[PDB]
Amino acid sequence: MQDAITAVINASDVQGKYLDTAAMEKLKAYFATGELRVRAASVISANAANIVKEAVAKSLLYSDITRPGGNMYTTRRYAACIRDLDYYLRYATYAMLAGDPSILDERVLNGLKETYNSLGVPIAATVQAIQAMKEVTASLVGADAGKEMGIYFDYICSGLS
Amino acid sequence: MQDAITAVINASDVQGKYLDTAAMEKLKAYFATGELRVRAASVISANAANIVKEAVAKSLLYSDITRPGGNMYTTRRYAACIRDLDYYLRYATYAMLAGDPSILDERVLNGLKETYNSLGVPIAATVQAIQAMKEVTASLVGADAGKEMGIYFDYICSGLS
Amino acid sequence: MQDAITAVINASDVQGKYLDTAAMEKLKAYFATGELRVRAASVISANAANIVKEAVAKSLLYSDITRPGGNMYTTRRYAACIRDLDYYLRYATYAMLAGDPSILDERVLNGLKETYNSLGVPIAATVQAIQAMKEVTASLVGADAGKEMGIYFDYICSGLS
Amino acid sequence: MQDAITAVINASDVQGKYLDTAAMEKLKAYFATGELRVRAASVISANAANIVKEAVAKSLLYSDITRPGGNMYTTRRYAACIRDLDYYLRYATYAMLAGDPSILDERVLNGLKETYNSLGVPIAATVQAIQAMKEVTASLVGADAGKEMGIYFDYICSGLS
Amino acid sequence: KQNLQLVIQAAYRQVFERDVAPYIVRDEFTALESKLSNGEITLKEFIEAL
Amino acid sequence: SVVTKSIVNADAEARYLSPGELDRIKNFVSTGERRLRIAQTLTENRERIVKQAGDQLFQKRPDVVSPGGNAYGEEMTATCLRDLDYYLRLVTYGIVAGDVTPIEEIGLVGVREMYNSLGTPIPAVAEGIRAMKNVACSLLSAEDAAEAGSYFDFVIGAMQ
Amino acid sequence: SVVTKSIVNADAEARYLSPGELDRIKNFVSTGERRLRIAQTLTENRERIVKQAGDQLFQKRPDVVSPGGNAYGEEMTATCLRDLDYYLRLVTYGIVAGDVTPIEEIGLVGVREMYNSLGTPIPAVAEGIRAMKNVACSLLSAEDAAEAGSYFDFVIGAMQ
Amino acid sequence: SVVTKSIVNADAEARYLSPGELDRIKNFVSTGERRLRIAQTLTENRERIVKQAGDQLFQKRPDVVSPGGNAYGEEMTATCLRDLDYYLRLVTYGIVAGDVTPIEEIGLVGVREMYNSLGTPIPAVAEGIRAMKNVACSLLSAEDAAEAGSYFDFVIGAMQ
Amino acid sequence: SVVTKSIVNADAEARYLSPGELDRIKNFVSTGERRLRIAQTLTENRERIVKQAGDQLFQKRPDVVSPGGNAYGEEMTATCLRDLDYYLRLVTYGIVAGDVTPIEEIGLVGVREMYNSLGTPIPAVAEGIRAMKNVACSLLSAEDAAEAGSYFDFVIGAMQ
Amino acid sequence: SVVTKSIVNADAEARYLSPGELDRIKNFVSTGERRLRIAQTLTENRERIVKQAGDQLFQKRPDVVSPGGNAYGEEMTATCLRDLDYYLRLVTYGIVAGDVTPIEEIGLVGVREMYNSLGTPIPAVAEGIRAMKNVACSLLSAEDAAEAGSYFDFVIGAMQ
Amino acid sequence: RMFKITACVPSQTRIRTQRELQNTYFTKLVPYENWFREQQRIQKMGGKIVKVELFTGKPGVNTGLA
Ligand SMILES: *[C@H](C)[C@H]1/C(=C/c2[nH]c(/C=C3N=C(/C=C4\NC(=O)C(CC)=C4C)C(C)=C\3CCC(=O)O)c(CCC(=O)O)c2C)NC(=O)[C@@H]1C
Ligand SMILES: *[C@H](C)[C@H]1/C(=C/c2[nH]c(/C=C3N=C(/C=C4\NC(=O)C(CC)=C4C)C(C)=C\3CCC(=O)O)c(CCC(=O)O)c2C)NC(=O)[C@@H]1C
Ligand SMILES: *[C@H](C)[C@H]1/C(=C/c2[nH]c(/C=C3N=C(/C=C4\NC(=O)C(CC)=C4C)C(C)=C\3CCC(=O)O)c(CCC(=O)O)c2C)NC(=O)[C@@H]1C
Ligand SMILES: *[C@H](C)[C@H]1/C(=C/c2[nH]c(/C=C3N=C(/C=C4\NC(=O)C(CC)=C4C)C(C)=C\3CCC(=O)O)c(CCC(=O)O)c2C)NC(=O)[C@@H]1C
Ligand SMILES: *[C@H](C)[C@H]1/C(=C/c2[nH]c(/C=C3N=C(/C=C4\NC(=O)C(CC)=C4C)C(C)=C\3CCC(=O)O)c(CCC(=O)O)c2C)NC(=O)[C@@H]1C
Ligand SMILES: *[C@H](C)[C@H]1/C(=C/c2[nH]c(/C=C3N=C(/C=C4\NC(=O)C(CC)=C4C)C(C)=C\3CCC(=O)O)c(CCC(=O)O)c2C)NC(=O)[C@@H]1C
Ligand SMILES: *[C@H](C)[C@H]1/C(=C/c2[nH]c(/C=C3N=C(/C=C4\NC(=O)C(CC)=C4C)C(C)=C\3CCC(=O)O)c(CCC(=O)O)c2C)NC(=O)[C@@H]1C
Ligand SMILES: *[C@H](C)[C@H]1/C(=C/c2[nH]c(/C=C3N=C(/C=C4\NC(=O)C(CC)=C4C)C(C)=C\3CCC(=O)O)c(CCC(=O)O)c2C)NC(=O)[C@@H]1C
């Protein structure tokens, strides 16, 4: 796991130099946006169930995927699908709070492609679904916060793809 | 980890359709054959060690593989070979009792080819040996049960091959 | 692990013939050099930490690799580097005592190159460093025993490269 | 765990004095007796199962205990009884080799009577059986090594009693 | 790596009932196979190895 | 299936089937015709069982079909009735199987998670399956209806 | 026993006895009288089975009764005959009980360890028990012989 | 940082950030001005903190700079002051981060191993960092000094 | 061998060979020439030992060469003598190695399992190896016979 | 001791001592008189070994006797010489035992932690023991010096 | 003779809110003694055994095994 402060000080550490005024400026900028990041996290924490529900309904439901033989069919499969969407949204809010994509890159994305391909889970459908989550969560948090979140959602989409 | 009944209902479930008269015909056939299967299993179990001894004597013994540098030379490798043949027979009778090949694929053939080639175990020799087991078992269980035993023995041969 | 005696006996066992006259000569040669092997092992056991310290100072210190961003910078990475060098020296003395490189192959080199590549360890720097270890340890044990030691240290170098 | 040499040096270590001449004398005595100790251990290692068989026949067989309701009756209980005799004989050879009964007290006789009382095993009959073992093992190893084996076998009897 | 050190030490605490700094001459465990490697990635193997 | 469970137990102990376990599968083999008959009448009357049970469920707790309920509107009510049909044929699979393993796998693990993600009340699902059980019992003989009822009872307990 | 095996499995599963398991107990209860009669005829013909089967075993395996064999000497031969009586006794218990649980608990568990210490070849013991199975089969009807034969089969398979 | 550590714990227990954790994140971000100011003071006075404290260390422990010691000679003493410089840099990083995980990640995991390999005395390094802390007290106001002192405390405590 | 055993222990203990282990491999090195000499005379009299020891085994065991015995008939007796020759070869390897490691790995891991599958009696195999030990000891000098006898003793003990 | 190590390994693998281990202890028993003689001369010359080796150690590591060093002042120097005497005593114990087990059990288990609590440098302790090794080797014969020096070598290796 | 293995462990027994990727897909070094026991356990668990390699040891060696 890494964050904005950790990234700045890590870059300075690789440089072998004390915190420069430019590095302090980068830290100040992250501090400036940390306020908005906190309230966005609170909002989607409360509405996380609604967000997953809305995205699943928007793209996943009333389809051959959840119809028999579509791999989302079976109650266990449906629970696993919404569980993965919960995972993606929770890790997205962690990355949004941190201001860094490290958590997604290491905790989530690695090996996920291999497991999904081995199991037969449709990565295209997952990407579509988390795209729908991104739209819903942007509406709830607001525009500025949605910009902050959407990059991490797209990062996860690229990892799946 | 499926039997004939599980396979029938699971196939109908994959279709999503309810139980059909043709599906129930398959179930009826398995039930009609069930008692025959059970007595075969008892005979196999009681004579399992003798089946292995006779088949090994007729297939592997007094040959180059048991001669030095032949992969079954050394007591440790001989013990492993006879153990593996024992396990093949036991899983074969499990599959016969189930009336399905699912157990063979799920618990035997998975990884078996990869491990055997990793250690360079002679897969052709093993296939010949279990064919010898097949005819010994056919004599003991009878022709009726032997045909059912034969298909699962050949299924294991296919997996090794 | 295979000793020189173990390897010779193993070859004879694979043939199935008793120990050949040439096999006896090989065993005699190993016995002839065995006492020198014992003496060298005692010497570098006593000076193991000093040998590592000297080699690290000779090539790994006051260089870009120990300066920031060079993979030996950071306290944990420096500790890992020194313990890797003591690992190399200890397995080298095991191989020297054994009279065969089997220990190096089975317990050291396997996956070592790939894991180093994944981590970003500079393999060229490590190879030069263990070459410096070879020089220091050769001085301590003596030229005759050092020449025997060098073949196993070079074996490590080749596996790393 | 202790032996004769370890006990002597530990006794001197508590004082903090270097080994004085009387302590050296005790060590010399153990070294003098060590050769016969080694020979006896090699002898009963060869006859381990036979010693147990002879003792079991001498006292534990054709008696009420092995008859129904007698506690050596039942195949499991017979296996457990001969296992305990194997245990006692092996620990007796450990104690004889060491020259100290510390192994017996540490690994055999601690919590042994209580477990036997809970199990229902007759401590008296076990003592008789290991007495028979003592006779057989003394005959095999010889008289003086027979005296040495005897003291540790008696030690085991006393712990059980 | 922070958590990995904690979990390695915790395995010592459960298996040996105490931290092993007393009662060992040198540290006689290579945790490198468990750490950033698959040799003892299974703690089910690291605990067993200990 | 009991055959599956017996094989699993013996495999765990690395033993060929004991004579008692073999006798178990023998008994189930003979019972198969009766079990198939019970499932056959269920599938023959699948439409009738689903329909009146669904109307009874909506009558029981009309909040489901009232505005604000999860199944408000004809499309929503149709999909819930479809779920009732799904669970009935799950029970048919369980009846022929002889154990509840197929029912659990197809439609139980994560039951709460699925239906709360949908927003559907699981107690209302329980009442719907109860209505299905009552109608099924009417179409079964009393001796036979005990066997099918047990699978229904397991399902409603799992719904909760 | 069927009851003890069912309750063991249900105890591990922490469930009140499943309806199917209770059904098996019901069928075992009803077939108990036939089991008792089968056990009765075996114990009535205890003497004939032991002597006839033992002589068959010695013919099949003259080595065991030869000098240099385990049973040579009338006394040693008699104790082996006793072992055959013991195993027939365990098989009668097993027939009444309905499972191998009594057979394996009383004997046939540490069988290799005991017989290795005794020096007897356990395949030869199995041959003797096979001969007992043949004699008992002759003394039983075809149906009854099948039920008793299964327990004999378990014993010989475990011996091997 | 506080933010990353809170996220890590919430990640382990699979919970979105609790309202109190969100408050702590907000508070740390807001007081980041004071944090940066303290770090700016330390980097402004890197030269005298290291120089004065290192001289105090040498005086307190003459054996380190004595002949046959780790720091004998101007070259070695220059490297020793370089190490003190590195640790002050880590302390400033830690103050900016608001947590000691950057300090630990960079320069307290394995210090005993590294310094023992070098021959350097680990307690002597701890005493040098104590000297840096004492020098820091004068440079920083009482309220500010307590904040920086805690990071110095962790470094010396891990060192010992 | 002793050397590989010491290296294995040292690798597990993460230490260089202790002075005790170094001392032991020294002594093995010193007696290596005698070990080679003992192996040389054993292979010189390879055929004599096997032939006469096997005949002694057959003399003490009429059952083995009688009907119902494993080595019944000329061909079967020849194969039994082949096994005796294999064990002699392993013993020479073990004497040369200075430890029982080659003997154990090549021909003692599962010796009972292999012979059980074959139907061969393990105590009779042990008696044959004992006869081989006696013949070899007569060929060897008293000191040499003691060294070779120990490896024979380990083999027969494993056979039991 | 070698005997207790062999018994410990045999007990851990639950088998009687192999002939290799038995031969190992036999050869150690034979050389016991030489071992006792080496220990006797070491204890006879214990005073001068400690004294002159300590002087060499002080020359090798002046920082130890410099102000601020652990052995600064006559009292502290006296206790360090006492430690050197203790380790010589342990070495004589280890030579008599034939194994480094007593040395490890008495003065090498937690040696790092004891010394860090004391504040004493472990590598300097190792250098002092190296000096003791040199003096002892000079007193001993070439063959005797190799063995005793090896025990000293283990101690210094553990100190490192 | 450590075997390098690659395997999957899908689990229908429960739905896990905590991380499951680590256990689900993994590569481990299993020794020769353990491999049969582990192979049976993972095969019983129903996970697919993707890959096997003999990381340490040689494909066939009569004696001198690790
Ligand atoms: C039923 C008596 C109650 C009820 C249910 C209700 N369900 C849905 C939607 C879905 N239900 C399922 C169920 C299953 N999927 C499975 O694989 C299985 C096992 C084989 C089951 C039981 C699914 C997947 C859906 C999603 C839609 C789809 O099938 O694609 C709805 C619709 C919800 C909506 O607004 O979209 C409803 C209303 N509602 C009630 O009032 C009853 C108490
Ligand atoms: C939903 C959008 C899609 C879908 C999903 C589906 N996933 C699985 C199983 C797994 N998913 C994961 C992924 C993760 N594990 C994690 O810990 C995290 C957070 C770091 C993620 C993202 C894993 C490991 C599994 C397998 C193990 C498990 O069961 O958890 C399934 C089940 C597959 C099966 O049958 O065994 C399904 C169905 N399915 C869809 O149709 C959507 C497109
Ligand atoms: C006998 C017909 C041939 C033969 C076999 C042989 N196999 C091995 C080693 C292994 N075999 C397996 C296979 C299985 N493991 C299982 O759990 C099951 C049941 C589902 C099977 C089928 C495995 C895992 C191993 C490796 C570990 C082990 O030994 O158990 C060996 C050993 C090789 C060696 O020691 O180096 C041998 C000799 N050999 C032959 O010559 C026959 C043609
Ligand atoms: C000074 C207070 C004490 C002291 C120290 C001393 N250290 C060294 C050598 C090195 N020190 C380091 C330290 C670090 N590397 C890191 O990555 C970090 C964290 C960011 C630290 C603190 C390293 C790497 C070295 C090796 C040389 C190099 O940098 O390449 C020496 C020199 C030893 C020598 O002979 O070379 C000394 C003397 N010595 C004292 O007396 C003080 C008590
Ligand atoms: C020193 C010469 C160089 C160096 C090394 C370095 N290595 C690692 C990490 C690992 N080292 C090993 C090596 C071994 N593991 C073993 O079990 C054995 C016994 C045969 C050896 C030799 C392994 C497996 C790893 C990876 C696992 C792990 O991370 O511990 C590191 C750490 C990398 C990191 O980022 O944390 C380093 C720094 N680095 C150098 O600069 C030298 C040239
Ligand atoms: C029998 C067909 C073969 C055979 C056997 C044989 N057995 C013995 C001695 C004993 N057998 C037992 C057996 C049991 N004890 C039990 O508790 C049970 C389960 C209820 C069994 C089966 C026991 C205890 C003994 C020891 C003597 C005793 O009972 O006190 C012998 C005598 C051995 C001797 O030489 O002393 C023999 C010969 N022998 C054969 O040839 C047959 C192939
Ligand atoms: C034989 C001479 C007598 C006898 C013995 C008998 N013992 C047990 C069970 C146990 N015995 C032990 C004892 C030991 N465990 C050890 O590890 C060691 C050496 C360190 C000893 C001496 C233990 C622990 C048990 C219980 C666990 C087990 O089964 O091994 C039994 C079994 C009792 C039962 O029914 O469970 C028996 C029969 N029986 C006799 O008749 C002899 C007089
Ligand atoms: C002789 C003392 C006893 C005996 C033996 C007997 N053995 C066989 C057949 C085989 N024996 C082996 C043995 C080994 N293979 C090995 O790799 C090793 C270690 C290096 C050993 C010891 C094997 C492999 C066979 C069968 C195939 C082959 O020859 O390679 C027989 C023949 C079996 C039969 O009756 O049909 C016999 C008789 N018989 C005795 O009476 C002695 C007590």
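Only the coordinates and a few stated rules stand behind these numbers; no lab work does. No Cβ is skipped: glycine too gets one built from the backbone with ideal geometry, and neighbour counts run over all protein chains shown.
Matching residues to (1) buried (at least 17 other Cβ atoms within 10 Å of the Cβ); (2) within 12 Å of another protein chain (Cβ to nearest Cβ); (3) closer than 24 Å to E:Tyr23 by Cα; (4) aromatic (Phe, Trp, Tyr):
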residue	(1), (2), (3), (4)
J:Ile106	yes, yes, yes, no
J:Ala124	yes, yes, yes, no
J:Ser138	no, no, no, no
J:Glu147	yes, yes, no, no
J:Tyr151	yes, yes, yes, yes
J:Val155	yes, yes, yes, no
J:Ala158	yes, yes, yes, no
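Taking (1) near ligand 3 (Cβ under 9 Å from one of its atoms); (2) touching a residue at least 24 places away in the same chain (Cβ under 8 Å) in turn, B:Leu119 satisfies each apart from (2). Filtered by the rule that a residue be among the charged types (D, E, K, R), under 20 Å from J:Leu90 (Cβ atoms) and facing chain J (nearest Cβ under 10 Å), the stretch D:9-63 gives D:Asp13, D:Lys17, D:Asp20. The residues of the stretch K:36-48 that are crowded, with 18+ Cβ neighbours inside 10 Å and hydrophobic (A, V, I, L, M, F, W, C) amount to a single one, K:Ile42. Here the condition is being within 14 Å of another protein chain (Cβ to nearest Cβ), in contact with a helix residue (DSSP H, G or I) (Cβ under 9 Å, 6 or more places away or on another chain), under 25 Å from I:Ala10 (Cα atoms) and more than 16 Å from ligand 7 (Cβ to nearest atom); of C:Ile130, C:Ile82, C:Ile156, it holds for C:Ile82 alone.
Counting only helices (runs of 4 or more DSSP H) wholly contained in the stretch H:1-98, the ones carrying 3 or more residues that are small (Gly, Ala, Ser) occupy H:2-13, H:74-97. Determine, yes or no, whether C:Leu89 is in contact (Cβ under 8 Å) with a residue 40 or more places away in the chain, closer than 20 Å to H:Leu118 by Cβ and away from ligand 4 (no atom under 16 Å from the Cβ). Considered against the rule, which asks whether it is in contact (Cβ under 8 Å) with a residue 40 or more places away in the chain, closer than 20 Å to H:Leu118 by Cβ and away from ligand 4 (no atom under 16 Å from the Cβ), C:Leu89 comes out as yes.
Every listed requirement among (1) within 14 Å of chain F (Cβ to nearest Cβ); (2) within 16 Å of ligand 1 (Cβ to nearest atom) is met by A:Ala125 save one, (1). Within the stretch K:1-50, being of a type outside the set (S, T, N, Q), in a helix (DSSP H, G or I) and under 8 Å from the mean Cα position of the chain (by Cα) holds for K:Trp35, K:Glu38, K:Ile42.
Of the residues making up the stretch K:13-27, those that are within 8 Å of ligand 2 (Cβ to nearest atom), within 14 Å of chain E (Cβ to nearest Cβ) and surrounded by 17 or more Cβ atoms within 10 Å (Cβ to Cβ) are K:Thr24, K:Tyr25. Consider F:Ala142 carefully, then state whether it is buried (at least 22 other Cβ atoms within 10 Å of the Cβ) and more than 11 Å from ligand 1 (Cβ to nearest atom). No; evaluated as a whole, the condition is false for this residue. Every test in (1) within 30 Å of F:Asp99 (Cβ to Cβ); (2) assigned to a helix (DSSP H, G or I); (3) at the interface with another protein chain (Cβ under 9 Å from one of its Cβ atoms); (4) not basic (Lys, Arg) is passed by G:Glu113 save one, and that test is (1).
With C:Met149, C:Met72 as the choices, which residue is buried (at least 20 other Cβ atoms within 10 Å of the Cβ) and within 14 Å of chain A (Cβ to nearest Cβ)? Explain how you work it out, then say what you get.
Details: C:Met149 fails: within 14 Å of chain A (Cβ to nearest Cβ).
Sole residue among the options that is buried (at least 20 other Cβ atoms within 10 Å of the Cβ) and within 14 Å of chain A (Cβ to nearest Cβ): C:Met72.
In the stretch G:1-31, which residues are within 18 Å of the chain's Cα centre (by Cα) and not β-branched (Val, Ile, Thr)? Scanning the stretch G:1-31 gives a single hit, G:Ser1.
When every residue of the stretch D:6-23 is checked against the conditions, at least one turns out to be touching a residue at least 40 places away in the same chain (Cβ under 8 Å) and more than 30 Å from I:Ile122 (Cα to Cα). Check F:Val96, F:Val65 and return the single one that is within 8 Å of ligand 1 (Cβ to nearest atom), more than 14 Å from chain A (Cβ to nearest Cβ) and not charged (D, E, K, R). Going through F:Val96, F:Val65 in turn, the sole match is F:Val65. Criterion applied to A:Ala98, A:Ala143 was being more than 11 Å from ligand 2 (Cβ to nearest atom) and in contact with an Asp or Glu (Cβ under 6 Å, 6 or more places away or on another chain), and the one residue passing it is A:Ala98.
When A:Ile5 is tested against (1) away from chain F (no Cβ under 11 Å); (2) in a helix (DSSP H, G or I); (3) under 19 Å from the mean Cα position of the chain (by Cα), just one condition goes unmet, and that condition is (3).
So which of H:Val111, H:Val135 is among the aliphatic types (A, V, I, L, M) and over 14 Å from H:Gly54 (Cα atoms)? If you could, list the steps in order and put the result at the bottom.
Details: H:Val135 fails: over 14 Å from H:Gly54 (Cα atoms).
Result of the check over H:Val111, H:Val135: H:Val111.
The set of residues in the stretch J:52-75 being polar (S, T, N, Q), over 20 Å from the mean Cα position of the chain (by Cα) and surrounded by fewer than 16 Cβ atoms within 10 Å (Cβ to Cβ) consists of J:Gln59 alone. Kindly indicate whether H:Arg130 is touching a residue at least 24 places away in the same chain (Cβ under 8 Å), basic (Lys, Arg), more than 16 Å from ligand 8 (Cβ to nearest atom) and part of a helix (DSSP H, G or I). Answer is yes for this residue.
If the condition is being touching a residue at least 12 places away in the same chain (Cβ under 8 Å) and either under 19 Å from C:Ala92 (Cα atoms) or assigned to a helix (DSSP H, G or I) (or both), then the stretch C:54-67 contributes C:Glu54, C:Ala55, C:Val56, C:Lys58, C:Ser59, C:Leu60. Restricted to the stretch D:90-105, and to residues there that are within 10 Å of chain J (Cβ to nearest Cβ) and assigned to a loop (DSSP other than H, G, I, E, B), the residue that is farthest from D:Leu160 (Cα to Cα) is D:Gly99.
Filtered by the rule that a residue be hydrophobic (A, V, I, L, M, F, W, C), within 13 Å of ligand 3 (Cβ to nearest atom) and within 8 Å of another protein chain (Cβ to nearest Cβ), the stretch K:36-56 gives K:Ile49, K:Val52, K:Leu54.
Every residue, every condition in (1) surrounded by fewer than 19 Cβ atoms within 10 Å (Cβ to Cβ); (2) under 12 Å from the mean Cα position of the chain (by Cα); (3) without any contact (Cβ under 8 Å) to a residue 12 or more places away in the chain, yes or no:
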position: C:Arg83; (1), (2), (3): yes, no, yes
position: C:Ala95; (1), (2), (3): no, yes, no
position: C:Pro101; (1), (2), (3): no, yes, no
position: C:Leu109; (1), (2), (3): yes, yes, no
position: C:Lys113; (1), (2), (3): yes, no, no
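Pairs are defined by a Cβ separation below 9 Å, a sequence spacing of at least 6 or placement on different chains, a first member in the stretch K:1-12 that is within 14 Å of chain A (Cβ to nearest Cβ), and a second member that is within 16 Å of ligand 1 (Cβ to nearest atom) and in a loop (DSSP other than H, G, I, E, B); the pairs so defined are K:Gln12/F:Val109.
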